[PDB]
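Below is one structure, written out as structure tokens; comments come after it.
Protein chains in written order, with the entry's author numbering: chain G, 395 to 443; chain C, 11 to 345; chain E, 297 to 443; chain W, 164 to 222; chain F, 165 to 222; chain D, 592 to 607.
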């Protein structure tokens with residue numbers, strides 16, 4: 395039950411190359427530890443998305 | 011004292027064609043302004059031509075394209091820049107299947123000859139191009155270059171009606187050698203080209219294709235990066251890709267338009283008849299209505315994290331590696 | 297079976313068209329085996345590069361050369377065991393994605409300095425209709441394009 | 164005493180980008196992205212602009 | 165620059181690694197150039213300089 | 592398929 399992802403996307407602002415946006419659920423982290431997992435957002439080019 | 015002033019110069023035109031994407035695509039996102047060679051745009055944000063002696067043509071994708079002009083006869087070219095000795099030939103056996111003309115680019119590291127009181131002179135070196143031709147080697151070309159240079163000097167020769175093509179070519183040097191420092195006339199064979207002497211249009215691909223002349227340029231293999239924009243999907247009519255506004259009741263019937271709307275990308279992947287899934291499904295076996303709903307869902311405006319707003323989901327993949335159809339379908343459907 | 301081997305040798309000593317308009321011996325060695333490989337795997341690569349298959353008789357070892365051979369045994373309904381279900385013979389077909397019509401053969405070319413080289417061989421009529429499947433291979437003792 | 168201008172040097176497209184290899188599939192581009200190059204015909208034509216034609220070819 | 169005359173002495177810097185135990189002495193079957201599998205590599209050095217400027221005790 | 596040696600080293604014609 396990972397609680398903290400590293401999402402990969404292509405950022406057109408360090409020249410079009412791989413950036414990892416980390417996301418964490420701090421509530422769950424504080425009381426089951428910290429499970430980090432990878433993943434690549436399919437067509438993503440926006441840090442928001 | 012010293013040399014002859016200058017006598018062997020020569021210059022290089024490199025002519026590449028870069029077949030990117032597939033099907034009729036929108037094209038460069040500004041125009042020449044987004045076709046960075048090495049890393050620097052062809053025209054800067056102003057429209058001043060930042061780079062000289064650079065052509066770039068560009069075909070979109072239409073079934074009805076015209077051959078890219080400035081490419082009269084498209085050919086491959088293997089660079090093998092390597093020295094040639096007195097009693098060591100080379101030989102390559104070109105072994106392509108279609109090939110009509112064949113181009114050799116040879117030259118020298120320097121062609122100086124020195125005497126007492128300076129008096130640096132031209133050197134007049136000689137080489138030989140041969141073909142296997144039935145039994146053993148026969149001469150096709152025999153070149154003798156006179157002059158001095160201080161660095162590389164390349165010249166080309168080409169020839170036609172090559173023998174049948176489990177073939178064999180060879181280049182060799184006739185002047186004894188450079189025993190002494192006073193005379194250096196060492197020869198190299200830079201690269202050879204295989205010319206196909208056919209003007210072919212690439213019927214549905216989006217090729218770019220650039221020329222450089224090296225004298226108005228800086229040598230560095232011309233590493234090309236186009237800022238393009240992708241396929242022109244069928245999006246539903248009554249959709250405005252500019253504003254991401256849907257007009258009224260859609261009543262099916264798509265119209266041609268370029269868009270990021272990721273649901274309509276997936277419609278393209280699943281139904282396009284040529285490079286998609288259009289032989290194995292059909293527009294009938296995709297619930298375009300549920301897509302229609304999903305694409306509307308994509309286009310909602312959401313906080314952008316920084317403070318702006320953006321469409322909820324857009325595409326923007328450059329799908330390069332062939333993967334299993336279902337895996338692609340499902341990576342779309344997971345985004 | 298030195299006798300079998302002698303036949304095989306005579307065969308692979310045959311003169312065949314070279315590919316650059318000369319003649320050439322059909323198969324020849326020119327290996328430099330420079331690792332410990334399993335004895336059987338090595339023996340199989342030899343007997344693959346020359347068309348045969350190695351047969352451990354049980355008593356001796358011979359080579360049955362992949363040729364039109366006489367002495368064809370015959371099997372019909374009255375000969376093979378009949379199981380409870382009336383299926384004397386079961387057939388099973390290779391997958392289409394496993395039938396190849398193009399191959400990259402690796403050999404060691406002396407003429408461009410003794411390094412690995414690849415000659416691609418394809419069957420155009422087959423590619424024309426059944427798509428186009430390519431594989432790799434290494435011919436065992438190969439230093440000739442012909443071979 | 165008498166300097167030699169030695170004239171123009173010449174640059175020659177030292178390295179060349181690799182061509183594409185059969186079996187390799189023609190990508191599909193969907194909205195934006197800044198791509199690189201899939202070369203399908205790369206060719207070099209050399210010409211001279213010296214002081215004549217002191218380079219002699221036979222046959 | 166009055167006098168510093170002298171042949172710049174040259175020295176074998178890099179050297180092939182020795183063949184490792186358990187490596188199989190290969191078989192060569194007709195023709196073929198081969199690399200090297202070095203089994204005994206030794207550098208003997210000498211001097212031919214103007215006298216003896218190296219002193220060793222014991 | 593006996594007539595295979597023929598097809599490989601003779602370029603002979605056999606029909607599928």
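Beta carbons are placed, not taken as given, at the ideal position from N, Cα and C, and that holds for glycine.
If residue i sits next to residue j, beta carbons under 8 Å apart, how far is it from one beta carbon to the other, in whole angstroms?
i             : j             : result
residue 183/W : residue 203/W : 6 Å
residue 323/C : residue 36/C  : 20 Å between Cβ atoms; not a contact.
residue 213/C : residue 105/C : Incorrect: roughly 28 Å between the Cβ atoms, too far for contact.
residue 180/C : residue 99/C  : 5 Å
residue 17/C  : residue 213/W : 6 Å
residue 163/C : residue 91/C  : With a Cβ gap of about 13 Å, residue 163/C and residue 91/C do not count as contacting.
residue 63/C  : residue 226/C : 3 Å
residue 54/C  : residue 60/C  : 5 Å
residue 168/W : residue 15/C  : 6 Å
Give every residue of the same chain whose Cβ lies closer than 7 Å to the Cβ of residue i, excluding the five residues on either side of it in the sequence, and list them in chain order.
i             : result
residue 397/E : 418, 419, 422, 423, 426, 428, 429
residue 343/E : 349, 350, 359
residue 346/C : Past the edges of chain C, shown from 11 to 345, lies residue 346/C, and the structure says nothing about it.
residue 96/C  : 183, 186, 187
residue 340/E : 350
residue 281/C : 287, 288, 291, 293, 296
residue 601/D : none
residue 246/C : 260, 264, 302
residue 108/C : 206
Short of 6 Å in beta carbon distance, which residues of its chain neighbour residue i, apart from the five on each side in sequence? Order them along the chain.
i             : result
residue 401/E : 415, 433, 435
residue 34/C  : 70, 71, 72, 242
residue 129/C : none
residue 319/E : 311
residue 31/C  : 216
residue 201/F : 183
What are the boundary residues of the beta strand (DSSP E) that residue i is part of?
i             : result
residue 114/C : 111 to 118
residue 198/C : 197 to 205
residue 200/W : No beta strand (DSSP E) holds residue 200/W; DSSP gives it neither H nor E.
residue 207/W : 206 to 210
residue 223/C : 220 to 223
residue 65/C  : 64 to 66
residue 306/E : Not the beta strand (DSSP E): residue 306/E falls in the alpha helix (DSSP H), residues 298 to 308.
residue 179/W : Counting along the chain, residue 179/W falls outside any beta strand (DSSP E), and DSSP gives it neither H nor E.
residue 35/C  : 35 to 38
residue 89/C  : 85 to 94
residue 321/C : 319 to 321
residue 327/E : 327 to 329
residue 312/E : 311 to 313
Should residue i go down as buried or exposed, given a rule of 16 or more other Cβ atoms within 10 Å for buried?
i             : result
residue 404/G : buried
residue 165/C : buried
residue 443/E : buried
residue 448/E : Nothing can be reported for residue 448/E: it is not among the residues displayed for chain E, which extend from 297 to 443.
residue 173/W : buried
residue 236/C : buried
residue 599/D : exposed
residue 393/E : exposed
residue 6/C   : The structure shown does not extend to residue 6/C, since chain C is modelled only from 11 to 345, so the question has no answer here.
residue 195/W : buried
residue 298/C : buried
Would you give the residue range spanned by the alpha helix (DSSP H) that residue i belongs to?
i             : result
residue 140/C : Not the alpha helix (DSSP H): residue 140/C falls in the beta strand (DSSP E), residues 135 to 141.
residue 403/G : From DSSP, residue 403/G is part of no alpha helix (DSSP H) but of the beta strand (DSSP E) over 398 to 405.
residue 279/C : 272 to 281
residue 336/E : 335 to 345
residue 426/G : 420 to 426
residue 601/D : 596 to 601
Within its chain, find whatever has a CB closer than 8 Å to the CB of residue i; leave out the 5 residues flanking it on each side and keep chain order.
i             : result
residue 171/C : none
residue 38/C  : 44, 45, 68, 236, 237, 238, 239
residue 279/C : 286, 287, 338, 339, 342
residue 125/C : 131, 192
- Taking one C-beta from the region 187 to 201 of chain C and one from the region 167 to 180 of chain F each time, how about it: are there three or more such pairs within less than 8 Å? no
Three Cβ pairs or more, each shorter than 8 Å: is that satisfied between the region 16 to 29 of chain C and the region 197 to 211 of chain C? no
query: Would the region 188 to 195 of chain W and the region 328 to 337 of chain C be scored as touching if the rule is three or more Cβ pairs under 8 Å?
result: yes
Can at least three beta-carbon pairs, one atom from the region 155 to 162 of chain C and one from the region 116 to 124 of chain C, be found at a separation below 8 Å? yes
Between the region 81 to 94 of chain C and the region 205 to 221 of chain W, do three or more beta carbon pairs fall short of 8 Å?
yes
Checklist entry - Okay, do the region 264 to 279 of chain C and the region 302 to 319 of chain C touch, 3+ Cβ pairs below 8 Å being the bar? => result yes
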